[PDB]
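Listed here are the chains, written in short residue letters.
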Amino acid sequence: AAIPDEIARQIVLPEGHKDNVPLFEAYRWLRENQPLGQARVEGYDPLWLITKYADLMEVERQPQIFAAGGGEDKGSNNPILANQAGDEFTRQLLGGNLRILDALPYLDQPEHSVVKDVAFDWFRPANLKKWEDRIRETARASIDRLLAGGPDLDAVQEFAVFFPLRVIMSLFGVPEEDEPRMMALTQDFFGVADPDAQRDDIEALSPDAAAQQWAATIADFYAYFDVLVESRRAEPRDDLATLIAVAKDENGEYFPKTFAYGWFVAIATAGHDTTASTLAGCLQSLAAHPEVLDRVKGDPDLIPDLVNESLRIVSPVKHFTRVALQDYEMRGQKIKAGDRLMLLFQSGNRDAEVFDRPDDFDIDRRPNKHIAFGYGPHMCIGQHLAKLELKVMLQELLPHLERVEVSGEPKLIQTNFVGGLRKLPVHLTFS
Ligand code: HEM
Ligand SMILES: Cc1ccc(Br)cc1
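Residues numbered from 1 in each chain as written, not as in the entry; some residues may be left out. Chains lettered and ligands numbered in written order. Heavy atoms only, no water.

Looking at the entry header, you'll see X-ray crystallography listed as the method and 1.4500 Å as the resolution.

Rendered as structure tokens:
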């Protein structure tokens, strides 16, 4: 049978994600009772909810069967779940398809492979070591401002958001004065279904509102990035904007400018927001588990373990969607050609078949098998940058902290997509 309606709504609807407790209880109910079922929520396409760690790997390692963008019918699948009204809006705007960005999530092989190779080497761990000292100087400046502002603050909007944004804008060559605009458009981009993040220029109550907001935000990013692409093509610099802007195909022709725009939208949004969420989530967990803060201050080599467990618990990127290009049997179910799948990374990260006491915050999982970056050819390109920035910031910050207390109500972004904390009121005790 279909998944029961309120479990299905809890996971599919953005409102279902407002509060982590009921959301994670819905993922757990599925993993234990209906690990591979079809959600049939009014206003959405039917979705196979991929809740199990092994099933996430099985789907993601088979891109010839489970496409992101629809295969040769490019743009026939939206890799980021919109409602039906929203996909209809986008098909009206684009003329029959859903490929609203030329960013990696929308691409299938071999196009995905050619485009990804423009930046694959830049993002490898050995090629990121050259940025470690700049990252550390940015962390130290951020910590100097935290110490100067006193013990009481929102650890998200008054601390965690700024460091990853500065790091990524510095690695582009985007001037510091443009950070507020990039932050505002990122809130519009990941807030399409959040009641406190609605743009003024869209009909907020329309059935397609989130899709209108997505499109409006992309158009603003395009206007900003068209100037940066033209600037770096005319005057190349030693920065990531130039690598993207001047990229040429195998025939010596620039990739179309929208491909550079796609890289820029992804790096200007996911490039900072996910790291901010994970840092804020880590601080929240150190407040719940003060013994972990004591241990990591005692042994700074535990910092990468703390990062890995923060990534598993926070898992801020909640899903991408796939479409079956042929019928496929998995876990005793018959997925049909054309059926859509929702990859629930947060649920894979609580799978008791893989993680002992999966809801516990345990930095001593070695190895820490989390799937917070996904899997397969679409696996997060930024993962090594995120792990470096989180390591560097914790190495600099934790010596300055004796204790984190949460002093007010945490708030999450209401999204089924790229979520995590927007507010974490704290009282810090400095060492
Ligand atoms: C804590 C930090 C982050 C987490 C948890 C995260 C998570 C993810 C996840 C789950 C995916 C989808 C993988 C899949 O489809 O199997 C993804 C894709 C992606 N992420 Fe990350 N991300 C983070 C940081 C970053 C950073 C720092 C950047 C860039 C500077 C970045 C850029 C991307 C891009 C471009 C994609 C699309 C890859 C593709 O479709 O091939 N991410 N990320
Ligand atoms: C996680 C993520 C990557 C690329 C885009 Br575009 C949006 C979100």
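Read on, since the account is not over.
Undergrad: Honestly, the coordination of the iron atom of ligand 1 in this entry has me stumped. Any pointers?
TA: Six octahedral donors around a metal ideally sit at 90 or 180 degrees from one another, while four tetrahedral donors ideally sit at 109.5 degrees. Its sole protein donor being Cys380 (SG), the iron atom of ligand 1 sits 2.4 Å from that atom. As for its placement among the helices and strands, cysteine 380 is situated in the loop between α16 (345-348) and α17 (383-397). (Donors = N, O, S within 2.8 Å, 3.2 Å for Na, K, Ca; no water. Helix = DSSP H or I, 4+ residues; strand = E, 2+ residues; numbered from the N terminus.)

Undergrad: Please clarify how the state of the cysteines should be interpreted in this entry.
TA: In protein structure, a disulfide is the covalent linkage between the sulfur atoms of two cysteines. Tallied over the entire structure, the rule returns 0 disulfides. Between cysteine 282, a free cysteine, and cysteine 380, which holds the nearest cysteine sulfur, the sulfur-to-sulfur gap is 18 Å. (Disulfide = S-S within 2.5 Å.)

Undergrad: I would appreciate a short explanation of the packing of helix α13 (residues 257-288) against helix α14 (residues 290-298) in the present structure.
TA: Two quantities define a packed helix pair, namely the angle between the axes and the distance from one axis to the other. Here α13 crosses α14 at 105 degrees, and the two axes come no closer than 4 Å. Overall, the two elements α13 and α14 adopt an arrangement that is roughly perpendicular. Contacts from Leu286, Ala287 and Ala288 of α13 reach α14 at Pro290, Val292 and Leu293. The residue makeup of the contact of α13 with α14, split by class, is 6 nonpolar, no polar and no charged. (Axes fitted to C-alpha atoms, helices over the stretch in contact; angles between N-to-C directions. Parallel < 35°, antiparallel > 145°, perpendicular 65-115°, else oblique. Contact = heavy atoms within 4.5 Å. Nonpolar A, V, L, I, M, F, W, Y, C, P; charged D, E, K, R; others polar.)

Undergrad: Can you walk me through the sheet that holds strand β12 (residues 425-430) in this structure?
TA: Whenever strands of a sheet pair, they do so through backbone hydrogen bonds, lying parallel or antiparallel. Here we have 3 strands laid out as an open sheet, ordered β4-β12-β9, and antiparallel in their pairing. The open sheet terminates on both sides in strands that have one partner only, identified here as β4 (152-154) and β9 (401-406). Strand-to-strand twist in this sheet, taken as the mean axis angle between neighbours without regard to direction, amounts to 30 degrees. In this sheet, β12 lies alongside β9 in antiparallel orientation, the contact comprising 5 bridges. Paired with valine 406 across the strands is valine 426, a residue of β12. (Pairing = 2+ DSSP bridges.)

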